Ligand SMILES: Nc1ncnc2c1ncn2[C@@H]1O[C@H](COP(=O)(O)OP(=O)(O)OP(=O)(O)O)[C@@H](O)[C@H]1O
Ligand SMILES: Nc1ncnc2c1ncn2[C@@H]1O[C@H](COP(=O)(O)OP(=O)(O)O)[C@@H](O)[C@H]1O
Ligand SMILES: [Mg+2]
Ligand SMILES: [Mg+2]
């Protein structure tokens, strides 16, 4: 047993040397690749290696992705989908100023139904004939609102809901859809998407602005005042529809983190066109040929047309890491270095 | 279409969401497949509660290890059904009606739901009748009741299995009847031993065995007695035959009910038994009775917690018992068989 | 910036909201301010749970009276740290590492975090060396272990503090290494008494004292044992010389964890304790140990709530110990001191291979006689000493003399009886109890065995009564 | 002698053989974390009991699944979990490496060595929750599993495939009984016969690490680590390790049982494993019941103890014998977990503190102790010499009140009193000193045949010791053919009586007298 | 320390009803004058043994 | 016994320092081989010889 003791301490020392030399060598390889990546053509080669690797993973089993029905527990998926199905034929005749006044009046109704929950309680009761609630509608705002806004409010109350707030979510979702329709008929069909995403990545860096926009007690007019000039600054916001979207969000957010709510907005915008968004990373900005290759190969991967975003960070040392849905394809050489350090004997 | 999907898995408790017009009735059996190759199986889920918003809470009868949220759940449209008929004699089943000694046997038999009502009030016998067994000590000092319940209080090495074989013989030969054994919370070693001993005594052909074992979730241990009693009820009513039902440690039925009540989040009762202790015990013991000339008599082993006869489980069980037979080791040592204690046993 | 904000204040539990990416790690120390002049202070908050949505549930180490929701909370980036090194000997410290003996002392020492993992399993080795004390009952029936774990179990007010001060007198005075005393949720009068008494005995210069008392909030009572343990662990792992660790009422540690349990959102366990009772007790008790070649002789007082030894807290403390001296209130009420229960106490080294054949045989015979006496006490109470056998009456007389000879005048009990204390060697103890078991003193009265030392005191007190050994 | 370039080229071939190609993986995010539990949004494809990988090489077990998050138990290093970390799927349920490389090692409840003696080469992996042998896949318990303790082997015999609960207050000798049982298989292992060899698994749940080290030292002093594995979940480990340790120790030793081998497993203080499961279940907010227990704790212990089985000859004929340990408080066997495990097992050895203090060691209450397998777990010699033992001891216990009234008793009653005193002194045994079955047969023959009626009560232990020494030295034929034939024929009994008489006329009592009748 | 008063001792006529065996003062003789500390030295232990 | 275990403790006293000498002797030797391991690790991470 003493011979066993000396042999086992010998082996322990050998194992210590094993792992120590391993960490030394992995640090050396990190050195080599970290001072070897500076060749931009080499970074492009890393990207193209990764994408030709992707060229064989096809396909994934990803199903449809919908922004808001994800959290709709029950009795509200049916409601919101019936509402959007009604809108699919209700909206095609409206005109631009019609849509903008519709959106304004809808977010006004949303702020109303938000400020006092006692009315929403008598407004979100389940009954296959809600003609008393329809009366309440016809005798609450009929002398103050337009015709199409009260019509969409009617067809909104016409269904049951899981809770009280989900109806407000549905209505402001309708306002979002209307603003996006106004933008789509304006020829800005996708400029709104990149605008939303870039503003989201801007707001992501500043937690101050982000969180204090989530002021659950400051007057909503105070919130929109907060948003006004930090949004109305320069050419960085040339889009004329995103102002109203972001205004609606920053006034009627209801506790949701603004950093998350604006990204939800962007995802709704990209989901209107039936497309998915994919948040990828790299070392530096791509060359748009790489963007085209990646976009079409990911659309083949997931069986749905996709659009990419680049949270560029040079701490990846090449490679890519897409983040479609909830499954990540990590191929950034940083993650591979971490893995090799973890698999060390 | 009309199938549900798993929403929550918390141990043996599974919540399932169905379409708006497809909610399964209470006690219905649902099927959900576990596809992990190491644990691949088909879970049976008994609907226990209607939670609202198209959610139902069910107790799983198999371990839910490997179950994924969102998998398809199929409603069978009926409660747990066991095979009934003459074909169940000489074979071993579980609380689900699956043949253990020959898998796939009995799948084409008639199947009866295990949740049944006791005989109507106008069908009950208003007159107590004694069961003439043929044993001197029983017929003299502790006469049994036809359609009644007999507590059995013997342990190991006192001839309890020999007495079970003896009663199987006497019901099969002196009454032209049948035996159903219910192992509630049965040890698999003792279940195999009972199987082998009945096959070697050539009385297995007269007995139908239903084993809900200890290594199973509480739902199976709670439903095995109802499965065996359903087989016995078919033998009594449809065949026209006096039946002898054997319940292994009726207490373990009470204990499995208490565990299922704890898993469903129900507030406990005095000492701790499920708030519906008396209701479940009555729903079980009232189906064991005489009706239309034929009867089911039941010998039940009773465990008394802490030797306290005022404990709620033995106190609720003894509200239905008609006789008591205590097998003594002092009598077994003197060579007297059956080792019935004449002074400790009794009859009402 | 990276600052937090107080959101909820419910007694000692404080909820704090941080910005995204600035959530503090678990067990980090945070600093908040109380500006009300009568209660102005700096609250230290230990991160206990991550609540989600950037919230964090923390426990305060000072009382939160005067704390306002919304004030700024600074993340220090590390756990609570205490000073370590040779410079902590001779001084009285806080649970946070602040010196009370001399405020500002140790601020520039090396600081160690109070949260550690226990030594690896391949570094542990069983300790089987007897530590001789001079108490007849401890030396005979519960021999202590050099570098092992010792505990004093007992209900409220039996002998625990007096016995642990007795062992500080007997073991730590002529000791050649370092001592660490942890006052964990105990009386401040006793802490001041111990401080003064170590100062007079010229033994304070080798002792480090860490006090968190009953008047402290549950956070201090949770972390003071970890602070003193960190000092002892430094003395073990870096200085490497023979530490002595005394912890007065380690139970208070456990009790503190149950005072904040439901406020942390934990469903209660059986007897009102936290569900993580055994897990926290294990992650603490497994650091109190000797490694291979690095000795820590530990001695803990364990409060037995309501005299119930089946209480979960002492019942799970039992499994962490090499020797346990168990004090009974039934022995206390009879006037026997130390109020040790000889039939409930144990020691792992009470083995013929360790203590010897004669030690072991005498201990076993003493225990057997006391067990037979306990069995006969009921008959003697109801039917009388007359309805017993001659052998049983002989055994009852021997057992009364034995249970009185197990008592002793202790050095730390002179303040209660006026009589000075006594030290008895273990060989004298074994030989005296062998004589008592054989029956060589069946003619000496029951008294003259009571609160004496060895056989010379036995002779003196017997002759002062009119008897001869 | 350092294998230098061995290490060099080893890590070199590893780093050259490192090609971790990048593929997709479904991930989630920690949303809250506290007290060893973490909730994870995402992971829609995760299954119940699936292992999860938290950053930093941390492992968790998905136990609670709902529409919002996955509640997982962290298996170690919980203080590293943070809100927002990325959790990965492993796609696998809890498994453990199995094989013969585990003999003589101390591992985690994960198959990872903690003794620091290198890697463990494993045959395969085995899932922790593989179902128990069916009711038709089994066989009657027929072979004895000798513990070496005369009280157990004579009164409450344990067979291969049986479960004998060891239940007692504390410091009553439960670990000593189980360690003596493990040490008693040393001769079986030395025989080299796979039909007689017993592999042992000691599971330590919630014990102080130095106590596990002391148990391992006791097993090493007796050559018992050649065939023993220790699964150690120390008191400092997480509640997940303390909950998984018996299932890990039972997954190992089921790989052996299904290979036709015979295994003995000890679950030291299953009470602590039930307490760990209760901690996990209360932290997961599952409904509590009596003593705050989850409500499937009976299932927790019965699922584990029904995997100890005696397999049929078609399945190989292997067996796994379980010796679970339960600590009671104040001798309360009507507590929840004691009641459950008494209900589950095939027999109980009750150990009392009072019996321990009276000198009865092992402190087994032979009156209430029971084995439901019984004489089917004994050889014929033991079945024959110990049949007159239980009634004798019960008569002695009934007559103990008349100790000082022998002259006022029937001659038969005084004979029963003296015989019972001798038999109580005969069932005593030192710690870590198990006896082979032939010597236990000779000892119980000395007792029940009457050859101790002439020896003083205070000399029975020494008489039995010296007689067994004599027979080991001089008359090895009796022991040898008892061991070979498993019975005590009439000629062996005659030679035994002759040897006993010669020894008696040679033996010297402590009172100076003669033990000759 | 505690002064434990009992109704059984009160009814017996022992008044004050202090149970001397379980009553104690943790300060002890330091809370007395020297005369009282020297005359009532082991009075509590004497009464407990009695 | 005591002779054997104390003298194997002596053999441990010797072997510990001997093997530590071997270890810190090879510690300087292994550093010559770190470069090739680094190069091949980088080559496998990227996929080209550089
Ligand atoms: N047969 C025996 N003869 C003499 N002494 C014994 C015997 N069995 C055990 N002991 C002694 O009893 C003491 C406690 O026994 P053991 O530790 O085995 O009990 P346990 O059931 O493990 O209790 P715990 O788990 O609380 O420690 C040990 O120090 C051991 O020396
Ligand atoms: N050995 C002893 N001799 C005399 N009196 C004692 C002895 N031990 C304790 N006492 C008395 O009993 C009381 C017990 O106090 P202590 O044991 O310190 O309380 P605790 O056990 O709660 O810490 C003391 O105040 C003292 O008066
Ligand atoms: Mg105290
Ligand atoms: Mg033990």
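Sequential numbering from 1, following the chain as shown.
The backbone N, Cα and C atoms fix where each Cβ goes, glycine too.
Residues or ranges marked as ATP binding site by Swiss-Prot: D:168, D:169, D:170, D:171, D:172, D:173, D:174, D:175. For D:369, the entry in Swiss-Prot reads site 'Required for activity'.
The DSSP secondary structure for residue D:173 (ATP binding site) is coil. Secondary structure from DSSP puts residue D:168 (ATP binding site) in a beta strand. Just so you know, of the recorded positions D:172, D:175, D:369, the Cβ with the fewest other Cβ atoms around it within 10 Å is the one at D:369. Cβ neighbour count for residue D:170 (ATP binding site) (all protein chains, 10 Å cutoff from its Cβ): 18. Rounded to the nearest whole angstrom, the C-alpha distance between residue D:369 (site 'Required for activity') and residue D:168 (ATP binding site) is 11. Over all protein chains present, the Cβ of residue D:168 (ATP binding site) has 27 other Cβ atoms lying within 10 Å. Annotated ATP site D:168, D:169, D:170, D:171, D:172, D:173, D:174, D:175; additional same-chain residues within 8 Å of its Cβ mean position, judged by their own Cβ, are D:327, D:351, D:353, D:356, D:363. With the fewest other Cβ atoms inside 10 Å of its Cβ, the least crowded of the binding-site residues D:171, D:173 in this structure is D:171. Among the binding-site residues D:170, D:171, D:173, D:175, residues whose Cβ is positioned under 6 Å from ligand 4 are identified as D:175.
Proximity of the recorded positions D:169, D:171, D:172, D:175, D:369 to ligand 1, judged by a Cβ distance under 6 angstroms to any of its atoms, singles out D:171, D:172, D:175 in sequence order. For residue D:169 (ATP binding site), applying a Cβ distance below 8 Å and a minimum sequence separation of six or more within one chain yields D:327, D:328, D:329, D:330, D:331, D:351, D:352, D:353. Those binding-site residues from the list D:169, D:170, D:171 that have a Cβ under 8 Å from chain C Cβ atoms: D:170, D:171.
Packing around residue D:174 (ATP binding site) is summarised by its Cβ count: 25 other Cβ atoms lie within 10 angstroms of its Cβ, all protein chains included.
According to its DSSP assignment, residue D:369 (site 'Required for activity') is coil.
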